[PDB]
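**Q**
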Amino acid sequence: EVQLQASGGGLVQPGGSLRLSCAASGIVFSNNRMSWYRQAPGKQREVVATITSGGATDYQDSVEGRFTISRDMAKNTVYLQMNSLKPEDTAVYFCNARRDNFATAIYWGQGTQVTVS
Amino acid sequence: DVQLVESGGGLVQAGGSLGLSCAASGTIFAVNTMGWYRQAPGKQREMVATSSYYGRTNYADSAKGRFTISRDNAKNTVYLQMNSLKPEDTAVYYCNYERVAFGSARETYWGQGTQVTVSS
Amino acid sequence: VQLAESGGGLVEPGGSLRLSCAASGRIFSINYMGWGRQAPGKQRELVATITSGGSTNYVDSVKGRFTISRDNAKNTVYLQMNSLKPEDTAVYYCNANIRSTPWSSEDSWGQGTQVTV
Amino acid sequence: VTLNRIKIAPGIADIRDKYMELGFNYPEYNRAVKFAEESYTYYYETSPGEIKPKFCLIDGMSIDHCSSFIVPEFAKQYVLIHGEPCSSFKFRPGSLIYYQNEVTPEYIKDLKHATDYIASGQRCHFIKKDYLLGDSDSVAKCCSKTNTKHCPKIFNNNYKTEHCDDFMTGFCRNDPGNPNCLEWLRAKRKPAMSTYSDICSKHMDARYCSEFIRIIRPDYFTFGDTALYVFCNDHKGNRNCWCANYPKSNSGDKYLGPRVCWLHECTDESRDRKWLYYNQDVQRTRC
Amino acid sequence: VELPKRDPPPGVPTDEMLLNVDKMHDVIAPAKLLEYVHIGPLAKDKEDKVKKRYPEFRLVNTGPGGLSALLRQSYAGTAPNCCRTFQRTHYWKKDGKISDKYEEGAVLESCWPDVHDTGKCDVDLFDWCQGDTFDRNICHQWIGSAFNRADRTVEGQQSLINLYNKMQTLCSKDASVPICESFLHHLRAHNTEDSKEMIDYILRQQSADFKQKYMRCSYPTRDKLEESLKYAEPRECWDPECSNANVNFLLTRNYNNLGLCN
Ligand SMILES: [K+]
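Protein chains in written order, with our numbering: chain A, 19 to 135; chain B, 64 to 183; chain C, 62 to 178; chain D, 120 to 406; chain E, 208 to 469.
Below is the structure:
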């Protein structure tokens, strides 16, 4: 069964840092595009970071230069390093895996809470 | 000039852990490379772990798997979490702030160094 | 590098015009292409731009009425000004941000055509 | 005051050394003054590093009489400097009067103030230096390696000093494929690399510009990049300028930097690296 | 009463004695510091004319009959006439104007031997390469010479460090200026992390207007970023704003990802 757990969130101050983790089961990073999304309380969800099957990463213009997405397919674990956090980054962060060349084969995962004050 | 202040070294048991911190103050210029180097008695100053302004980490073979370098550019601080320490790690640890201009000139500033003494 | 402009004139409020700018001369490449106007006694201001990839950006005072476009053939840039208002009275210049060399750029402007409303 | 006995007596050891026997009406001035007359054609150095012919160059006498005792081919690397004060017979100019026995300089002054039989001057003193250039043609012949016969080391050292650069800048613009010009370019000095950038901005199609690009990269790629841009901005129809200046449309940077690895013609094609910019050439290998 | 007359042998001049300083302007000019240049015999009536022609040289009287020489004592080449060129090592100045070839009545002024390797040209070319006086060739080559400045004298590396700092500051203010675009191009050519990170820093310290016009590949819109997830390939191989963005204003991430296409 495909499952995407999420953890690593917590409470920090303006300028803190966090590291979110997501382990995989039944999904190989060799033919999947991984993505870290965030959804603010009562707002449309937006993608924070994405990584291709070949390790090519991309970021949103706001979170660029601060957040960094990495992966480890030997352990089936995608990460997110949130450096220089801001109170606007407080949202529910969750992972999404979409198969290469299969737009209909897309799976979502659990979410984690982060906050800045 | 630039002043580096170390803090966090002391006495630790075998397989223990210890954290070092280096604070840079003065005429910083953003992009730079800050790191930790060790010096044992009678040996030469060798590299422990260096990190760039954006986190390009470079670990020595002795440090891989045990030590972890981190960096907070907001406060211009570099940290080193040393885990599973061994008696061979007993040394004076200095931090360096290196700035390479045009790949030709180098400006390296060192700190006074903190003593780490790992017992069994 | 020369920017030949046309399409300006005198029209009543609520009308429509189309400005056209032809870039002639040895041009290596283009960063962005834009239109700029200048009211009497005020500074020249860039009202609409389009990059080499076809991405457009307008000023709020113009958004909704004017549309900037480019024809790759003849390499011309057009400004479809619709729903004109007497506040649009200005000398409209043609802005061409070229890349003079593979290591430098140039911000060349035009002579300017008068548009009174 | 008045002379009444003059004679030339032979000498010992040296044929040049003779003795001018002088006897005047007043025996007060009356001496056998030893004088030398140089008769050698020097092909060697008297003392180490210098040549001192036994000749007293009198004041006002032309300085070519000192060098009339040296082999012409030998006297080219030698310069004439000031010499020790000497005296010569006015009726026999150029003689070197030796101060020996009672022939004191005070007696020379007395002879001067009493008779015009003497004239003062300085000893011929040549010292070795090196070949002396004297016009632009000599520098041209030395630097171009076309006549390195009489050429000092500063203008004859395979372009290892900043002497011939001024001439070579203009000389290689008429012959860029010259082996000596390419050797001067391998010195990797600024005037040579900028001169060859000016050359290759107009004649990049040649093969000496291929050699120039292989010489400057990766240490001084900028000159070759500027020359390539100028050449491909003037020659836009060339199939070789297709990567450095995309002719179609107004986007001539279609294959710059990483985008040079897209079109296969800019990576694995039979085209020299001179047609790609430095960033293009580096991205071609890493991709 | 009869004097033993005997005229001296016929004189034969040497190469030194047939020299004319009025013909050696291509021999005195390339002379280095403290190098004697024999100019042959020189009359007193022409002393000042030589001294006024070569003010960087001291006129010394080597031998008799006017045998003189010129010993270099200075390099009076001004910074504007020496730094904005890469092959003009000397010039002549008549009245107020400067020529590169000799003219009658002109005065010789020579540039420093390796002046693009000492740092003496950093101050002049930093201001000259800003504004309307920018040169697409000279300034690019000067920024390139800065990366290959073979000067390990403490003063030279200190001057190039100061120049590096001034460049970082100026390009953090506005990277669209031509000198800063050339600086970013040379930093990309350096191909080291120390240069890639400074490229990314300078590009990230730019205004929103700079990014909405030059950096539209590195900072995509919400719609393009959302649609890029629908494709397995990197967005750089898909976004037209990447295929058309100039390489000098790309982040190292996108600069590297563009190499993954094909
Ligand atoms: K470096």
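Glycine included, each C-beta is placed from N, C-alpha and C at the ideal position.
(1) Quick check on this structure: which residue in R150/D, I334/D, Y159/D, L176/D has the alpha carbon closest to the alpha carbon of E203/D?
(2) So what does DSSP say about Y327/D, is it helix, strand or coil?
(3) Compare the C-alpha of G171/C against each of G75/C, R105/C, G125/C, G70/C and name the closest.
(4) Hey, how far is the Cα of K420/E from the Cα of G95/C?
(5) Residue ranges of each beta strand (DSSP E) run of no fewer than 3 residues wholly in the stretch 98–136 of chain C, ordered along the chain?
(6) Exposed or buried, what is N95/B when buried is set at 16 or more other beta-carbons lying within 10 Å of its beta-carbon?
(7) Which residues count as close to ligand 1 when the rule is a CB under 6 Å from any of its heavy atoms, in chain order?
(8) Mind checking if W164/C is an interface residue toward chain E, Cβ cutoff 7 Å exclusive?
(9) Name, please, each residue of chain B whose Cβ falls closer than 7 Å to the Cβ of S102/A.
(10) Drop a sphere of 10 angstroms on the beta-carbon of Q175/C, count the other beta-carbons inside from all chains shown, and report buried for 16 or more, exposed for fewer.
(11) Just how far apart, CA to CA, sit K248/D and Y163/D?
(12) Please check the pair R124/D and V222/D, which I expect to be a contact at CB under 8 Å, by giving their CB distance rounded to whole angstroms.
(13) Can you tell me which of the three DSSP states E433/E falls into?
(14) What residue from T171/B, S88/B, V65/B, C158/B has the CA that sits closest to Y142/B's CA?
(15) Considering only their Cβ atoms, is the gap separating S317/E from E263/E smaller than 7 Å?
(16) What are the complete beta strand (DSSP E) segments, minimum 3 residues, inside the stretch 108–178 of chain B?
(17) Using DSSP's beta-bridge definition, name the partner residues of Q102/B.
(18) For the putative contact between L83/B and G72/B, defined by C-beta atoms under 8 Å, what is the C-beta separation to the nearest angstrom?
(19) Is it true that the CB of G218/E sits closer than 7 Å to the CB of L249/E?
(20) Smallest Cα separation from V81/A: which of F417/E, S425/E, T221/E, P447/E?
(21) Could you pull out every residue in the same chain whose Cβ sits closer than 6 Å to the Cβ of residue 415/D, ignoring the five residues on either side in sequence?
(22) Check whether the stretch 361–371 of chain E touches the stretch 154–169 of chain B, taking contact to mean three or more Cβ pairs, one atom from each stretch, closer than 8 Å.
(23) Below 7 Å between beta carbons is the criterion; list the residues of the stretch 97–125 of chain C that meet it against any residue of chain E, in chain order.
(24) Residue range of the beta strand (DSSP E) that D136/D falls in?
(25) Please identify the residue among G173/C, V178/C, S166/C, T177/C whose C-alpha is closest to the C-alpha of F341/E.
(26) Have a look at the DSSP bridge pairing and note the partners of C82/C.
(27) Please state whether DSSP places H232/D in a helix, a strand or coil.
(28) If you measure from the beta carbon of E400/E to each beta carbon in chain B, is any gap under 7 Å?
(29) Using a Cβ-Cβ cut-off of 8 Å (strictly less than) and excluding sequence neighbours within five positions of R135/D, which residues of its own chain qualify?
(30) Anything in chain E within Cβ reach of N156/C, meaning under 7 Å, just list it in chain order.
(31) Between which two residues does the beta strand (DSSP E) carrying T68/A extend?
(32) Helix, strand or coil, according to DSSP, for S158/D in the structure here?
(33) Please confirm whether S53/A and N114/A have their CB atoms less than 7 Å apart.
(34) Which one of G303/E, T325/E, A382/E has the shortest CA to CA distance from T360/E?
(35) Whole angstroms is fine: what's the gap from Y138/D's alpha carbon to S181/D's?
(36) With 8 Å as the limit, tell me which residues of the stretch 327–340 of chain D have their beta carbon closer than that to any beta carbon of chain E; keep them in chain order.
**A** Taking the coordinates as given:
(1) If you compare the alpha carbons of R150/D, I334/D, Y159/D, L176/D with that of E203/D, the shortest gap goes to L176/D.
(2) Taken through DSSP and simplified to helix, strand or coil, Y327/D comes out as helix.
(3) Nearest neighbour of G171/C by Cα position, chosen from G75/C, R105/C, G125/C, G70/C, turns out to be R105/C.
(4) Their Cα atoms are separated by approximately 10 Å.
(5) For the stretch 98–136 of chain C, the continuous beta strand (DSSP E) assignments of 3+ residues that do not extend past its boundaries occur at 106–112, 117–119, 127–132, in sequence order.
(6) So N95/B counts as buried.
(7) Here the list is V163/B, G166/B, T399/E, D401/E.
(8) Yes, its Cβ sits closer than 7 Å to a Cβ of chain E.
(9) For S102/A, the residues of chain B that pass the 7 Å Cβ criterion are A137, in the order they occur in the chain.
(10) So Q175/C counts as exposed.
(11) About 14 Å.
(12) Separation of the CB atoms of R124/D and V222/D is rounded to 17 Å, and the pair is thereby denied contact status at 8 Å.
(13) The answer is helix: DSSP assigns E433/E an H, G or I state.
(14) Taking only the C-alpha atoms, the option nearest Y142/B is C158/B.
(15) Yes. Within cutoff.
(16) For the stretch 108–178 of chain B, whole beta strand (DSSP E) runs of length 3 or above, ordered along the chain, are 109–115, 130–135, 140–146, 154–164, 168–173.
(17) Paired residue(s): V155/B.
(18) Indeed they touch by this definition, with Cβ atoms about 6 Å apart.
(19) For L249/E and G218/E, no; Cβs fall outside 7 Å.
(20) Residue nearest to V81/A within the set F417/E, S425/E, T221/E, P447/E is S425/E (criterion: CA-CA distance).
(21) Outside the displayed span of chain D (120 to 406) sits residue 415/D, for which this structure offers no information.
(22) The answer is yes - the stretch 154–169 of chain B touches the stretch 361–371 of chain E, with three or more Cβ pairs under 8 Å.
(23) Taking 7 Å as the Cβ-Cβ cut-off against chain E, the residues of the stretch 97–125 of chain C that qualify are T110, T112, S113, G114, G115, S116, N118.
(24) Residues 136–143.
(25) The shortest Cα separation from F341/E among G173/C, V178/C, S166/C, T177/C belongs to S166/C.
(26) Beta-bridge analysis with DSSP links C82/C to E66/C, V138/C.
(27) The answer is helix: DSSP assigns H232/D an H, G or I state.
(28) So, interface residue.
(29) So the list reads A155, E156, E157, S158, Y159, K173, once near-sequence residues are dropped.
(30) Within 7 Å Cβ-Cβ: nothing; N156/C doesn't reach chain E, min ~11 Å.
(31) From DSSP, the beta strand (DSSP E) with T68/A extends over 64–69.
(32) In this structure, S158/D counts as coil in the three-state DSSP scheme.
(33) Taking 7 Å as the Cβ cut-off, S53/A and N114/A qualify as a contacting pair.
(34) Comparing Cα positions, the closest option is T325/E.
(35) When rounded, the distance between both Cα atoms is 26 Å.
(36) Sequence-ordered contacts of the stretch 327–340 of chain D with chain E read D338, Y339, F340 [C-beta pairs closer than 8 Å].
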